[PDB]
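Notes follow once the structure below has been shown.
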Amino acid sequence: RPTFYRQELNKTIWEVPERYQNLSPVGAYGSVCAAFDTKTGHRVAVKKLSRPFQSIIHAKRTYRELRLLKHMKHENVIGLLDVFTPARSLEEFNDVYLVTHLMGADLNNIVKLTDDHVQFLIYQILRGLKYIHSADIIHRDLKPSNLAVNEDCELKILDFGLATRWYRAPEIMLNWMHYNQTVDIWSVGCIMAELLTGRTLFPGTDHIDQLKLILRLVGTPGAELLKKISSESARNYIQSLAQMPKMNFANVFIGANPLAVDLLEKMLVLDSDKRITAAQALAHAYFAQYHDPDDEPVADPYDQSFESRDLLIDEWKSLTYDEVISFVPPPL
Ligand SMILES: CS(=O)(=O)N1CCC[C@H](NC(=O)[C@H](CCC2CCCCC2)NC(=O)c2ccc(CNC(=O)c3cnc4ccccn34)cc2)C1
């Protein structure tokens with residue numbers, strides 16, 4: 001068991017093993033310090049979870065986050081370098097600590113991207129989404145601020161706890177029945193649009209505005225979609241918002257590679273059953289230069305059955321302790 005040391009930063013008591021030195025606070029992103037990992041001579045990020053077991057929902061949101069992190073073993077998805085408690089036993093266990101690579105910048109703070117810069121960046125998100133989606137995991141919050149970039153334009157999908165609405169699929173904001181993985185693909189269409197145009201595609205001030213801007217471009221729902229909607233009152237409302245003067249795809253992305261617009265019209269589809277999947281989108285001609293189908297791996301089986309459970313503070317806590325302890329650090 002390693003030797004821990006104690007220091008107070010931004011009125012927070014940090015306790016970490018002696019391998020993490022020179023902790024400086026970075027941020028807005030919660031309780032996060034940049035640290036020098038003495039093991040690997042690489043700068044890392046330490047996150048001290050804020051009162052992880054305060055209630056029942058913190059204790060479950062804490063277990064989930066650690067389960068998710070321990071699962072992600074992909075090039076285009078944030079990985080867990082280390083997790084630790086200073087705690088001796090289960091009895092004295094209150095503080096959880098996560099270690100990740102340091103993210104120099106996000107899609108925003110690295111942004112007139114060339115057609116090839118757009119191809120490469122959207123390829124990597126779809127490659128990261130294929131993997132995530134194969135484990136029946138949905139991001140639900142894909143936006144540029146959740147996409148880390150490096151010196152050499154390589155991208156990781158992650159999820160901080162910080163506008164969402166801009167990248168948010170209509171079915172979520174209209175409260176339709178059928179959610180599916182492809183809520184993320186709409187987001188990738190909204191993010192890619194922005195990289196091509198240099199402007200946010202659906203800059204909504206509120207969710208109703210947001211939907212008026214979406215319907216103006218993607219059209220009013222066609223019959224095949226309307227069939228799947230039960231309530232008269234939802235079917236009316238989606239049409240009450242599709243009154244704004246129609247806009248066409250060929251004029252919004254004029255200048256853009258015709259295969260990028262071809263891909264965007266398959267992403268930005270109202271019908272989430274007809275929307276292209278990460279897996280299908282990787283095989284689109286737009287990525288001809290990068291698509292290797294022997295190098296687009298799926299995820300291992302992910303035990304998601306805990307999501308359904310209603311347990312006590314002590315069970316969620318106990319389960320989380322058993323994850324921290326069973327964590328084998330990845331090989332370099
Ligand atoms: C309430 S909640 O706790 O349940 N919670 C609420 C919403 C967000 C949480 N999402 C999550 O669980 C995902 C796991 C889900 C998974 C799903 C699909 C594939 C991607 C994500 N956790 C993170 O992404 C994560 C990211 C960074 C860090 C620490 N490193 C830093 O912050 C850092 C590193 N470099 C820098 C530079 C500057 C500032 C900070 N940094 C810790 C966790 C859930």
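The way I read the labels, and the way they are meant: chains A, B, ... in the order of the structure tokens, residue 1 as the first residue of every chain, and ligand 1 as the first ligand shown, with later ones counted on from there.
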Practice task
Find the spatial neighbours of residue 267 (chain A), counting only C-alpha atoms, within a cut-off of 8 Å - ignore same-chain residues fewer than 5 positions away - and output them as a list in words.
Solution key: residues 185, 186, 188, 189, 275 and 276 of chain A
Problem - Nearby polymer residues, ligand 1, at most 7 Å, only C-alpha atoms and all ligand atoms, as a ChimeraX atom specification - result: /A:26-27,29,32,45-47,58,61-62,64-65,68-69,77-78,98-104,132,137-139,157-161
Problem - Per-residue DSSP, region 40-271 of chain A, filtered to helix (DSSP H, G or I), as a PyMOL selection string - result: chain A and resi 57-71+115-134+144-146+164-167+170-174+183-197+207-218+223-226+232-240+249-252+258-267
Problem - Pick from A:122, A:28, A:13, A:56, whichever lies nearest to residue 315 (chain A) using only C-alpha atoms - result: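 Ranking A:122, A:28, A:13, A:56 by distance to residue 315 (chain A), first place goes to A:56.
Between CA of residue 261 (chain A) and CA of residue 219 (chain A) the separation is 16.1 Å.
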Practice task
Pick out the residues sitting within 12 Å of residue 199 (chain A), and hand them over as a PyMOL selection string; count only C-alpha atoms, and ignore anything fewer than 2 positions along from it in its own chain.
Solution key: chain A and resi 108+111-112+166+190-197+201-203+252-253
Practice task
Kindly indicate which residue among A:262, A:141, A:295, A:95 lies nearest to residue 59 (chain A), using only C-alpha atoms for the distances.
Solution key: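 Of the candidates, the smallest distance to residue 59 (chain A) is held by A:95.
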Exercise for the section: Skip residue 14 (chain A) itself and residues of its chain fewer than 6 positions away, then list as a list in words all residues within 12 Å of it, counting only C-alpha atoms. Expected result: residues 4, 5, 6, 7, 8, 20, 21, 23, 24, 25, 31, 32, 33, 35, 46, 47, 48, 49, 50, 84, 85, 86, 95, 96 and 97 of chain A
Restrict the selected residues to C-alpha atoms and save them as a PDB file, in the first residue's frame.
ATOM      1  CA  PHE A   4       0.019   9.182   0.909  1.00  0.00           C
ATOM      2  CA  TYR A   5       0.707  12.893   1.722  1.00  0.00           C
ATOM      3  CA  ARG A   6      -1.699  15.785   2.651  1.00  0.00           C
ATOM      4  CA  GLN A   7      -2.014  19.397   1.266  1.00  0.00           C
ATOM      5  CA  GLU A   8      -4.942  21.960   1.166  1.00  0.00           C
ATOM      6  CA  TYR A  20       1.791  12.284  -7.827  1.00  0.00           C
ATOM      7  CA  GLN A  21       3.826  15.507  -7.190  1.00  0.00           C
ATOM      8  CA  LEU A  23      -0.466  19.246  -7.884  1.00  0.00           C
ATOM      9  CA  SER A  24      -1.793  22.588  -9.321  1.00  0.00           C
ATOM     10  CA  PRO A  25      -5.572  23.284  -9.653  1.00  0.00           C
ATOM     11  CA  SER A  31     -12.092  19.455  -7.901  1.00  0.00           C
ATOM     12  CA  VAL A  32      -9.326  18.793 -10.531  1.00  0.00           C
ATOM     13  CA  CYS A  33      -5.513  19.181 -10.197  1.00  0.00           C
ATOM     14  CA  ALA A  35      -0.157  16.337 -11.336  1.00  0.00           C
ATOM     15  CA  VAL A  46      -6.328  14.008 -10.521  1.00  0.00           C
ATOM     16  CA  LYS A  47     -10.098  14.441  -9.845  1.00  0.00           C
ATOM     17  CA  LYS A  48     -11.298  14.201  -6.189  1.00  0.00           C
ATOM     18  CA  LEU A  49     -15.052  13.295  -6.477  1.00  0.00           C
ATOM     19  CA  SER A  50     -17.165  15.848  -4.476  1.00  0.00           C
ATOM     20  CA  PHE A  84      -7.472   5.479  -5.267  1.00  0.00           C
ATOM     21  CA  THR A  85      -8.803   6.167  -1.734  1.00  0.00           C
ATOM     22  CA  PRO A  86      -6.393   7.142   1.093  1.00  0.00           C
ATOM     23  CA  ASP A  95     -13.002  10.023  -0.617  1.00  0.00           C
ATOM     24  CA  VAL A  96     -12.533   8.564  -4.173  1.00  0.00           C
ATOM     25  CA  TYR A  97      -9.762   9.878  -6.552  1.00  0.00           C
TER      26      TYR A  97
END
List the spatial neighbours of residue 280 (chain A) as an mmCIF file with N, CA, C and O atoms, in the first residue's frame - criterion: any atom at most 12 Å away, only C-alpha atoms, same-chain residues fewer than 3 positions off excluded.
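New file out-v4.cif:
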data_model
loop_
_atom_site.group_PDB
_atom_site.id
_atom_site.type_symbol
_atom_site.label_atom_id
_atom_site.label_comp_id
_atom_site.auth_asym_id
_atom_site.auth_seq_id
_atom_site.Cartn_x
_atom_site.Cartn_y
_atom_site.Cartn_z
ATOM 1 N N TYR A 123 -14.009 11.131 -38.103
ATOM 2 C CA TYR A 123 -13.699 9.683 -38.161
ATOM 3 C C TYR A 123 -13.503 9.172 -36.721
ATOM 4 O O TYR A 123 -14.193 8.202 -36.326
ATOM 5 N N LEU A 126 -16.642 8.900 -34.425
ATOM 6 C CA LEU A 126 -17.478 7.755 -34.872
ATOM 7 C C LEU A 126 -16.787 6.441 -34.485
ATOM 8 O O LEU A 126 -17.486 5.467 -34.164
ATOM 9 N N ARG A 127 -15.457 6.420 -34.514
ATOM 10 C CA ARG A 127 -14.658 5.238 -34.117
ATOM 11 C C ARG A 127 -14.827 5.032 -32.606
ATOM 12 O O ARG A 127 -14.997 3.871 -32.179
ATOM 13 N N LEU A 129 -17.435 6.210 -30.892
ATOM 14 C CA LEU A 129 -18.885 5.931 -30.699
ATOM 15 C C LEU A 129 -19.204 4.474 -31.052
ATOM 16 O O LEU A 129 -19.906 3.831 -30.257
ATOM 17 N N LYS A 130 -18.724 3.948 -32.175
ATOM 18 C CA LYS A 130 -18.930 2.507 -32.477
ATOM 19 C C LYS A 130 -18.669 1.710 -31.182
ATOM 20 O O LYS A 130 -19.604 1.024 -30.692
ATOM 21 N N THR A 182 -28.410 6.515 -31.364
ATOM 22 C CA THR A 182 -28.252 7.484 -32.483
ATOM 23 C C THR A 182 -28.567 8.921 -32.046
ATOM 24 O O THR A 182 -28.413 9.811 -32.889
ATOM 25 N N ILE A 185 -25.320 10.480 -32.570
ATOM 26 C CA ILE A 185 -25.031 10.715 -34.019
ATOM 27 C C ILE A 185 -25.584 12.077 -34.454
ATOM 28 O O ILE A 185 -24.874 12.809 -35.172
ATOM 29 N N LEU A 263 -23.004 12.894 -45.925
ATOM 30 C CA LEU A 263 -22.913 12.267 -44.581
ATOM 31 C C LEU A 263 -23.814 13.006 -43.584
ATOM 32 O O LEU A 263 -24.471 12.316 -42.796
ATOM 33 N N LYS A 266 -27.545 12.252 -43.579
ATOM 34 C CA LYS A 266 -27.814 10.895 -43.024
ATOM 35 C C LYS A 266 -27.698 10.927 -41.490
ATOM 36 O O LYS A 266 -28.279 10.049 -40.821
ATOM 37 N N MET A 267 -26.974 11.908 -40.946
ATOM 38 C CA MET A 267 -26.827 12.111 -39.485
ATOM 39 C C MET A 267 -28.012 12.938 -38.973
ATOM 40 O O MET A 267 -28.675 12.499 -38.016
ATOM 41 N N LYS A 274 -34.177 5.695 -38.512
ATOM 42 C CA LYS A 274 -33.627 5.794 -39.893
ATOM 43 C C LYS A 274 -32.269 6.504 -39.880
ATOM 44 O O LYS A 274 -31.641 6.586 -40.931
ATOM 45 N N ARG A 275 -31.840 7.028 -38.738
ATOM 46 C CA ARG A 275 -30.572 7.795 -38.617
ATOM 47 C C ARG A 275 -29.406 6.812 -38.757
ATOM 48 O O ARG A 275 -29.500 5.727 -38.158
ATOM 49 N N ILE A 276 -28.348 7.178 -39.486
ATOM 50 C CA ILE A 276 -27.119 6.340 -39.662
ATOM 51 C C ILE A 276 -26.478 6.051 -38.289
ATOM 52 O O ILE A 276 -26.475 6.957 -37.415
ATOM 53 N N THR A 277 -25.968 4.829 -38.093
ATOM 54 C CA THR A 277 -25.192 4.427 -36.888
ATOM 55 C C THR A 277 -23.720 4.799 -37.075
ATOM 56 O O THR A 277 -23.265 4.859 -38.242
ATOM 57 N N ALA A 283 -18.119 3.741 -42.655
ATOM 58 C CA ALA A 283 -18.019 3.040 -43.958
ATOM 59 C C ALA A 283 -18.484 3.964 -45.075
ATOM 60 O O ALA A 283 -18.509 3.519 -46.232
ATOM 61 N N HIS A 284 -18.857 5.195 -44.734
ATOM 62 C CA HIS A 284 -19.216 6.256 -45.707
ATOM 63 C C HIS A 284 -17.951 6.743 -46.432
ATOM 64 O O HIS A 284 -16.870 6.800 -45.778
ATOM 65 N N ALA A 285 -18.103 7.083 -47.722
ATOM 66 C CA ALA A 285 -17.031 7.444 -48.682
ATOM 67 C C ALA A 285 -16.218 8.629 -48.159
ATOM 68 O O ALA A 285 -15.013 8.704 -48.462
ATOM 69 N N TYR A 286 -16.857 9.514 -47.390
ATOM 70 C CA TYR A 286 -16.217 10.715 -46.798
ATOM 71 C C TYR A 286 -14.942 10.337 -46.026
ATOM 72 O O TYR A 286 -14.087 11.224 -45.888
ATOM 73 N N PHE A 287 -14.818 9.092 -45.535
ATOM 74 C CA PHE A 287 -13.697 8.622 -44.672
ATOM 75 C C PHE A 287 -12.788 7.626 -45.404
ATOM 76 O O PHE A 287 -11.937 6.992 -44.751
ATOM 77 N N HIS A 291 -10.797 5.034 -43.227
ATOM 78 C CA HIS A 291 -11.611 3.856 -42.818
ATOM 79 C C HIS A 291 -10.790 2.576 -42.985
ATOM 80 O O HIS A 291 -10.592 2.159 -44.143
ATOM 81 N N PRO A 293 -11.485 -1.163 -41.568
ATOM 82 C CA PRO A 293 -12.513 -1.921 -40.852
ATOM 83 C C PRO A 293 -11.957 -3.046 -39.964
ATOM 84 O O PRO A 293 -12.722 -3.586 -39.196
ATOM 85 N N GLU A 296 -11.326 -0.889 -36.193
ATOM 86 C CA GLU A 296 -12.470 -0.126 -35.633
ATOM 87 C C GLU A 296 -13.157 -1.005 -34.602
ATOM 88 O O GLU A 296 -14.276 -1.468 -34.805
#
Practice task
May I have the residues within 8 Å of residue 302 (chain A) as a PyMOL selection string, using only C-alpha atoms and disregarding those fewer than 5 positions away in the same chain?
Solution key: chain A and resi 71+135-136
Exercise for the section: Go through A:151, A:15, A:75, A:82 one by one, measure the shortest atom-to-atom distance of each to residue 328 (chain A) using only C-alpha atoms, and give the residue with the smallest value. Expected result: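 For residue 328 (chain A), the nearest of the given residues is A:82.
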Give the strand (DSSP E or B) residues of region 50-223 of chain A, as assigned by DSSP on the backbone, as an mmCIF file with C-alpha atoms, in the first residue's frame.
data_model
loop_
_atom_site.group_PDB
_atom_site.id
_atom_site.type_symbol
_atom_site.label_atom_id
_atom_site.label_comp_id
_atom_site.auth_asym_id
_atom_site.auth_seq_id
_atom_site.Cartn_x
_atom_site.Cartn_y
_atom_site.Cartn_z
ATOM 1 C CA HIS A 74 -10.178 2.580 -26.683
ATOM 2 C CA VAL A 77 -12.327 7.305 -25.496
ATOM 3 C CA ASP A 82 -5.430 5.093 -11.661
ATOM 4 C CA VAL A 83 -8.249 5.244 -9.065
ATOM 5 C CA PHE A 84 -7.472 5.479 -5.267
ATOM 6 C CA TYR A 97 -9.762 9.878 -6.552
ATOM 7 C CA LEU A 98 -9.583 9.429 -10.386
ATOM 8 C CA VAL A 99 -6.394 9.945 -12.539
ATOM 9 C CA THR A 100 -6.633 10.642 -16.354
ATOM 10 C CA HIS A 101 -4.265 12.011 -19.071
ATOM 11 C CA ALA A 105 -7.498 21.593 -25.289
ATOM 12 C CA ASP A 106 -11.044 20.655 -26.569
ATOM 13 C CA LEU A 147 -13.881 16.277 -26.934
ATOM 14 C CA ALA A 148 -10.176 16.502 -25.937
ATOM 15 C CA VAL A 149 -7.601 17.243 -28.707
ATOM 16 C CA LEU A 155 -9.289 13.134 -30.128
ATOM 17 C CA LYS A 156 -10.742 11.451 -26.957
ATOM 18 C CA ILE A 157 -14.501 11.355 -26.090
#
